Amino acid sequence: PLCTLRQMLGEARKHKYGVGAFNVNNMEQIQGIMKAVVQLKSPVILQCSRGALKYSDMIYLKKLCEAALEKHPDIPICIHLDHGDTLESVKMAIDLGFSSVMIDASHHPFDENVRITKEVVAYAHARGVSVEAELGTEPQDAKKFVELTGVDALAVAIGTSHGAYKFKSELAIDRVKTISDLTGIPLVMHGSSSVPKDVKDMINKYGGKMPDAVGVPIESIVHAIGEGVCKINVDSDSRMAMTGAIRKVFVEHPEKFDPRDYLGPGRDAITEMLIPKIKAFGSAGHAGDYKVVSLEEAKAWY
């Protein structure tokens, strides 16, 4: 069923493992992800960025998600607005039957970022919906941030960053623990694609051009994980992996044109790449640790 981030991350913090979070933008993706988490009996977070919602004129994406909830009802699935900007986006995501929200004001100075966040929190928790925010990275800063806002989780900064191009060639775990300890809440790692090496070579050898493309290498995420980090945001890898396959299939048989003939594989790679990843995140088997609290019951907490 549809699950709160307080909880799914709750059981993550407690049990020293982390849940992978995936930006979805269409069906073949929601499907790739799902096939993986199900195979490894794993909880899952499905992320829809504000670009994903528009890409899919909102409704298709809500609907695709409800298919997953209903196809795999014993698998804790959380649906999560990624990088919220305003409060009205969140009204939007909440309206969509979403059950977690991120409000990203980390580009404002502390007090502004604090205020935006608090306004989102006030709305969401009123509905039982959880809230993730971002800072920076001073441990106290965190402690203030959280105490002053009451969010269910923190995006911390240890020098990852969005996209395929993170470091010129091929991180602070030391900060993740204190932050974890002095805050008592789960932390979150945005920017945690790996550009796995198979993903990359395949895109590159099949007409594509990203001869650079570093990532966070998994060992760093494993390490981070046990030192508090509970939610791991993964986007690029997914994009990359679908694209390699499509390109592969376009070269190896240019007579095919039914998109199903490359999207179907662009899907199965997503799922393959995902599987070791998830596995090292150490969330497998955990899918059925819990009675999943609904949103109305999630209201009690607050």
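We number the residues from 1 along the sequence you see.
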Self-check item: Unresolved deposited residues lying between neighbours residue 136 and residue 137
Solution: 10 or more
Self-check item: Unmodelled deposited residues flanked by residue 170 on one side and residue 171 on the other
Solution: 4 to 9
Exercise. Decide which of the stretches 77-85 and 155-163 has the higher mean C-alpha B-factor, going by the entry.
Key: 155-163
Self-check item: Residue range whose averaged C-alpha B-factor is higher in the record, 13-21 or 278-286
Solution: 13-21
Quiz item: Whose C-alpha has the highest temperature factor in the PDB entry: 46, 246, 27, 37?
Solution: 246
Quiz item: When you compare the CA B-factors of 229, 122, 129, 222 as listed in the entry, which one comes out on top?
Solution: 122
Quiz item: Which third, lowest, middle or highest, does the CA B-factor of residue 266 fall in along this chain?
Solution: middle
Practice problem: Consider only the C-alpha atoms of the modelled residues in this chain, order them by B-factor as the entry records it, and name the third containing residue 183: lowest, middle or highest. | Solution: highest
Exercise. Rank-wise, by C-alpha B-factor, drop residue 192 into the lowest, middle or highest third of its chain.
Key: lowest
Quiz prompt | Among modelled residues of the same chain, the CA temperature factor third for residue 94 | solution = lowest
Quiz item: If you rank the chain by CA B-factor, which third does residue 252 end up in: lowest, middle or highest?
Solution: highest
